[PDB]
Amino acid sequence: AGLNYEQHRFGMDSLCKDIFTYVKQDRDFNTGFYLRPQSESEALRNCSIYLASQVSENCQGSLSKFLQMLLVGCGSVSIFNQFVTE
Amino acid sequence: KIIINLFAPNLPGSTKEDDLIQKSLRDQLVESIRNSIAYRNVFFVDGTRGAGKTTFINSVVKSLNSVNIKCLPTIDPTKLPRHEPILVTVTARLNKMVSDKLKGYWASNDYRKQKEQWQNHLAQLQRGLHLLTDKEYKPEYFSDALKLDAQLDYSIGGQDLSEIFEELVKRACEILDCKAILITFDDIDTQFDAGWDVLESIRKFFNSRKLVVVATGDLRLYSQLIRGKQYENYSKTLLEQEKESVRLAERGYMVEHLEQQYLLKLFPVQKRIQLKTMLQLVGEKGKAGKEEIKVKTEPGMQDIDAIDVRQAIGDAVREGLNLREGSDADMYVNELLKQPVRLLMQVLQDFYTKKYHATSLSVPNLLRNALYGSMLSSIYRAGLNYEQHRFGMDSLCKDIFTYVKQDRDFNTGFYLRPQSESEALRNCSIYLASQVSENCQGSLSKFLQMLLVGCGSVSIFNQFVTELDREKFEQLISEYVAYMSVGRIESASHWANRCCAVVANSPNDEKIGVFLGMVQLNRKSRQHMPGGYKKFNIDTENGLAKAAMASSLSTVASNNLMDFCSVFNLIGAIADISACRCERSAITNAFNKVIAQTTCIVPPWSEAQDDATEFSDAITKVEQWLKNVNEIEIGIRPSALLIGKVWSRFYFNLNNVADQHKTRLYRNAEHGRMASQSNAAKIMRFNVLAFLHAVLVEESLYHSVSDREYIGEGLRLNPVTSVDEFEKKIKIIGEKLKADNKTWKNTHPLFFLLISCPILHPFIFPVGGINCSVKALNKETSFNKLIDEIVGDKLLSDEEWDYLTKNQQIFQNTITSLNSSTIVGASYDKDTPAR
Amino acid sequence: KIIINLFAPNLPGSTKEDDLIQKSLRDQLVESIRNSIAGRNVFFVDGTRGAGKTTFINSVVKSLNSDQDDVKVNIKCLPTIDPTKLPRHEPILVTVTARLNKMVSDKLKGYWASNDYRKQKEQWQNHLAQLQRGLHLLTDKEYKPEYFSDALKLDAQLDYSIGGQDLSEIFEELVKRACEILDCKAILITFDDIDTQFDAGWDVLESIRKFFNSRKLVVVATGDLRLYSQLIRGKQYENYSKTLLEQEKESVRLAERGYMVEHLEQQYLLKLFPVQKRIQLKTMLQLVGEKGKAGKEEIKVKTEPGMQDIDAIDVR
Amino acid sequence: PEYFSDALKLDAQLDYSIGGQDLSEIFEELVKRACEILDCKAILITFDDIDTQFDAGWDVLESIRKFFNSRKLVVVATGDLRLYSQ
Amino acid sequence: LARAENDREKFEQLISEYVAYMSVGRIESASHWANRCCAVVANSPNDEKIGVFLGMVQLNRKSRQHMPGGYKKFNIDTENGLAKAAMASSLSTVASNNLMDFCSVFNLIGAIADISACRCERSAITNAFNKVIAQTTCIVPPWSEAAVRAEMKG
RNA sequence: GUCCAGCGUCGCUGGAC
Ligand SMILES: Nc1ncnc2c1ncn2[C@@H]1O[C@H](COP(=O)(O)OP(=O)(O)OP(=O)(O)O)[C@@H](O)[C@H]1O
């Protein structure tokens, strides 16, 4: 699928890039950031579960990491769809 | 009598005399062969692919081997080596036949002379066989060519392989003591590149009167074989140069004349035999068939009990597709009979084998498995889905769209009739119809999804999108499929919200806010409203009216937020609620699933009172309703046609309502009593009557559990403005069911469940949308009484019903604010005409 | 009941344990073969979604090695690893003789010398040498006149009904002789995937319908039909006259030729792999069923080392 | 065709799993003998990139998927996937 | 509807529809053919929109708003014995956007064609006569623009 | 004839009386 696949070097830096490089291939800017397994490609359906698990691990037990996911991870996708895409 | 056993090998090598389908033709051909030798002498058994040609020939050969003719072993040029001349193989078969005869003579006083006569003839053929092998002319054989033969004294000099083989057969016949020899060629269907060598050998070598040939194959293939070989006699330099239209037109004619003349000289037309198909043998419908055919569906079935081949497919189709007996069901079985017998036999041999194993059910599951395997090739060429494990509601809703697109008939292509002229699109309709009747059987939530998603997407696109040419067509097609996201939807309610955006963008005349089933209310207050007209607000409604009105709200964001009141949303909520009964909180998550949790953008192609237990009663009624649904819906048998017809009526009904109300708003439409004045409550009232009306008529006529229609004679219309058309039919149905000792639940399960739905009841009787006149109340009161009887509980009390008809109370079951709402683009300046 | 122990003693990969997952399907298919053997016996096992089709087939092969009607089974032959110019007729023939040769060499242990031992071995060598001579007419490109003498040459033994070489019959006698020697009822052949080498399928499809049509032979082929359909359709255009293709291309004959080629392939697939014989592998969802429904057989999973089977929890 | 009689001269040596003149099984026993003689657990085969002339890379791939599949052989290939895919 | 020289597949397809619709080659009944012929010729009105046609004339089922003199609707019940029998053998109805009535002369020829092939006794004459005079409806042709509405209302 | 109602783009058609 083209996402990050290094065994280490996991953090806030790569997760936001992975989310935006997944919706771009899924062509779903409306509700694509829920990371749901509804897709026509077996590669993409396998990536949806992996991505969802990574989110719950990173922003667990902290407040700032949660707020970063709300803004950077999901805000960028929704902002792009309404304004830039036109 | 002909009886076919399904639990048998059913192969050309394991068929007996009582199993053949063309027994009449076999006797006709055998007599003709005997007559020809008793008084170009070649036959041709015409038959399309998979019509059972080898099986027929084997019967002909075996019957003649039971006026004395010796039959050679059957020869098919496909299995032969790619470079072996036919004359080599045929003379090899003769060698085995005569040698076995000579050995039986044991010691022979005078037949030893015959043996050396045979050996010399075979050696003579061997010397001259190099003519068919040489790639270059070799002149040192010329002295050998000028060798006079002292025996049989050939009139014509030279090798002349034609005259040598004519002698060879003549000596063979006397050894075997017969008067004819039969050479049987099988089909060249698989590899017709090597069928040319057979044709040349027949034309140039088998010309004697002691040889009779029975060819086998289909003529259309032979036409393309010969016509292709007639183009290679031209000089390529000539075809390369004279490439103008006039010369090409004349040259093509010449090849056709030479090609046709070739077949007449090879296979005379008076000898041709055409293999009848299955439809011709059993006739059409009740017409007396020329022959009767019976099968054995269960193992061990005796000969005395056996069902007709028309009935054998008749019950399978009428049960697998959940389609009622009639002309519509007879259209499918007539088509299945036209398929080649190999394909037809494989479908039957799979369905009845699996079904008996299950019995040792879900019959439609058995039919879909059989058709998918048999008609797999047509699936691939049509571009349909072919993933077995991905079968479900989502895949089926996309296959319908990708089929009608190739059918180029958006108006009525979702009926899945087998009417397309393309063979692939005719083998896919029977397959798809088996898909709908399987996934949709036994559930109401799945049924409503098909009626909305499966057929709604097709009709909406054809009216509001295609009016916007090859490059643009798939451009809109690609844009529309992804934007509304068919095949990956999340819920019917979310789909309906996306449906609001598509309809709204396209402008209409007078710019009135009324649309196809949706009313565009107002968000910003406008000054100087006559009467009590004011902005719509959701706070006024208290109980079930507040919940029901909430289920019919959708917001679209395009330079300005817009509010509609769509009937499509109600179908979504009903489809969403009845999904499961596992949890109680599910039936309150559906009310507020989309109301204020998401926003929809304009499509790209556009040109530009404790306040905590308020829902304690509405949830309670809905919870009790799900008890009835979970029991009645088990006996539901929807069809691929029933869903198609209900949408056709429902779609037509909505389009009429939206046109006969754009001009009936005026200034004093509030408290609308006269039929000439309408408000936002009447418009939304008929949009839910129309949905209920279409279910009533079409379910009665086409649904499987009802054996005979109950509507009766007379025209069937729709309630565009009045209500008496809808109440008229219920009264007729009420009497007929009562007189026949029957109940609604056992004949109209789809209508009974929908009419007794807590969500729709507030919309049926809005406050401001009830006709009032001297004659109207006769229809309304009778209609109100009839509905309360079907459900079993009266919806409205005496004081409630009195206030609706006649000129303050806490209405827990009716909308009180819609009639006073203001619709955008409706500039109230006119007045109601008086008459 | 089905129990899977995650804490297997050796901690193997994939935790196969016992009974696998398709024990119901495996016994069903094996029962189906025995019925037929007691013309066309082609079984198609569809391995897709990256399934372990080879693992399932080998389970069938191993199961048939302990059989009441003891229909012995050959070894799997992948068409993508054989030499390119070696016909697919040879691997079965080599596999048959190798399997047969061990048994007759093992007859020495049972019987140091016997009448059947001396006669069967020399009879078998006669059949093979018979096939080698006729093997010349497979890869040859031009019919030399010398082979005519052999075709007219007659053998009083081996009971060759149809005259000529007729390589189909020569193989049939060899198979019939082998079954009697090994004391079996049928010889089973398995064909693996063709995914790695696309074109290897055609030389197998034309070998099933030419030499493997017999009463005492059963085959089990795997793969997917998307490649097979494209393989058959490709070979149905190569017999059209090359000149005709550039001449009659007036946009009407293109439709006629396209409609006819799709007809020939459809009748081709139904001839080799019948619908009634095609088998499909159940998935986990279809085997445990949807939640709230009993569905098919239930499955239990262990979660801790030394966990009693009385407490194993459902897989869902 | 004359090699048909050359084969079928079956030998019990090495107890081959399958009959025939397959090179893969013969090469495998060749490696096993060499490992015993050299007293090494396994043999490592190292290839090199094919950037200069990538037509020769096909013969490498065929000889890896057919003849190098034992547990005594480790293969280390070098190249560029963007070139191997073409 | 479909030009002969502009297109061939469209014209050839239109032939197939006409062969099936008129039931040519099946010949269920001569009267059946006559009823179908009414639908074909009533599809295309003339410029003046008069109710007269090739061989038929379009009668009125519902009386119009007002009448000048003695003009009125049909009221078939007025006719006496033999005249009613001839009348009913000529009346026909077509299932279209709205129900329509005709008085086609081809129906009269159809009636003669059905009776004249009897070769029976008096008992079968009474039945065959009764079968000729009845009410028969025929749907509009597929190529018409009112097919979908007629299928629903009818 | 009257009244309600339904199709078509005033015409046509259905029901009650
Ligand atoms: N007389 C028959 N009795 C029973 N089944 C029959 C009969 N004829 C045909 N069939 C069915 O139809 C199939 C047609 O097979 P058949 O090989 O005869 O057809 P074909 O297309 O002419 O092929 P071939 O290339 O062998 O000539 C049979 O396999 C069988 O299923």
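Residues numbered from 1 in each chain as written, not as in the entry; some residues may be left out. Chains lettered and ligands numbered in written order. Part of a larger assembly, values for the part shown. Heavy atoms only, no water.

This entry lists cryo-EM as its structure determination method and reports a resolution of 3.76 Å.

Q: What is the right way to read the interface of chain B and chain C from this model?
A: Buried accessible area, meaning the area lost when the parts come together, often serves as the stated size of an interface. The interface of chain B with chain C comprises 60 residues on the first partner and 53 residues on the second. Taken over both partners, the interface formed by chain B and chain C buries close to 5600 Å², and the fraction arising from carbon and sulfur atoms is 55%. Where chain B meets chain C, there are two salt bridges. The shortest N-O distance in the salt bridge between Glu262 of chain C and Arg381 of chain B comes to 2.9 Å. (Contact = heavy atoms within 4.5 Å. Buried area = accessible area lost by both parts, 1.4 Å probe. Salt bridge = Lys/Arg side-chain N within 4 Å of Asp/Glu carboxyl O.)

Q: Looking at this structure, I do not really get the sheet that holds strand 4 (residues 181–184) of chain B. What am I missing?
A: By definition, the strands of a sheet pair up through backbone hydrogen bonds, in either a parallel or an antiparallel sense. Residues and elements named next belong to chain B. Pairing is parallel across the open sheet formed by five strands, whose spatial order is 3-4-5-2-6. At either end of the open sheet lies a strand with only one pairing partner, and these are strand 3 (70–71) and strand 6 (272–274). Sheet analysis places strand 2 (residues 42–46) next to strand 5 (residues 211–217), joined by five bridges and oriented parallel. Each residue of the ladder has a partner; that of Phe44, found in strand 5, is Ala215. (Pairing = 2+ DSSP bridges. Helix = DSSP H or I, 4+ residues; strand = E, 2+ residues; numbered from the N terminus.)

Q: Before we go on, may I ask you to explain the arrangement of the chains in this structure?
A: Highest in contacts among the five pairs of chains that touch are chains B and C. One finds no contact between chain A and chain D; the C-alpha atoms of the two approach each other to within 14 Å at their closest. The closest approach of any C-alpha atom in chain C to one in chain E is 11 Å; the two make no contact.

Q: Looking at this model, I keep getting lost on the interface of chain E and chain B. Mind explaining?
A: Counting residues at the interface gives six residues for chain E and nine residues for chain B. Of the roughly 850 Å² buried between chain E and chain B, counting both surfaces, carbon and sulfur atoms make up 56%. The largest share of the area that chain E buries against chain B comes from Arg149, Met152 and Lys153 of chain E, three residues that together contribute 60% of it. Summed over the shared surface of chain E and chain B, the result is two residue pairs in polar contact. No other element matches helix 6 (residues 147–153) of chain E, which puts four residues into the side of chain E that touches chain B. (Polar contact = N/O pair within 3.5 Å; in protein donor to acceptor, adjacent residues only side chain to side chain.)

Q: What's the story with the sheet that holds strand 9 (residues 518–520) of chain B in this structure? I'm lost.
A: Taken in spatial order, the four strands make up an open sheet running 9-11-10-12 (chain B), and their pairing is mixed. Where the open sheet ends on each side, the last strands, each with one partner, are strand 9 and strand 12 (600–601) of chain B.

Q: Where do I start with the packing of aromatic side chains in this structure?
A: Aromatic rings in a pair are described by how distant their centres are and how their planes are angled relative to each other. In total, this model carries 45 aromatic pairs over all chains according to the counting rule given. Ring centres of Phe29 of chain A and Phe80 of chain A lie 5.2 Å apart, and the angle between their planes is 50 degrees; this geometry places the pair in the tilted category. Of this pair, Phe29 of chain A sits in the loop between helix 1 (12–26) and helix 2 (42–58) while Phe80 of chain A sits in helix 3 (residues 64–84), placing them 51 residues apart in sequence. Here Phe80 of chain A falls in the partly exposed class, since its relative accessible area comes to 26%. Seen from their ring centres, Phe44 of chain B and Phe267 of chain B are 5.1 Å apart, and the 15 degrees between their planes marks the pair as stacked. (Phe/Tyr/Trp six-rings, centres within 6.5 Å; stacked < 30°, edge-to-face > 60°. Buried < 20%, exposed > 50% of the residue type's maximum accessible area, 1.4 Å probe, protein only.)

Q: In this structure, what is going on with the packing of helix 28 (residues 724–739) of chain B against helix 31 (residues 776–791) of chain B? I would like to understand it.
A: Two numbers describe a pair of packed helices, the interaxial angle and the distance between the axes. All names here are of chain B. Look at helix 28 against helix 31: their axes get within 10 Å of each other, and the N-to-C directions meet at 50 degrees. Regarding the angle of helix 28 to helix 31, the classification is oblique. Handedness of the helix 28/helix 31 crossing: left-handed. Listed contacts from helix 31 to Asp724, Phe726, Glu727, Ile730 and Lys731 of helix 28 are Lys779, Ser782, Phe783, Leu786 and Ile790. Looking at the contact of helix 28 with helix 31 residue by residue, the class counts come to five nonpolar, one polar and four charged. (Axes fitted to C-alpha atoms, helices over the stretch in contact; angles between N-to-C directions. Parallel < 35°, antiparallel > 145°, perpendicular 65-115°, else oblique. Left-handed = near helix turned anticlockwise from the far one by under 90°. Nonpolar A, V, L, I, M, F, W, Y, C, P; charged D, E, K, R; others polar.)

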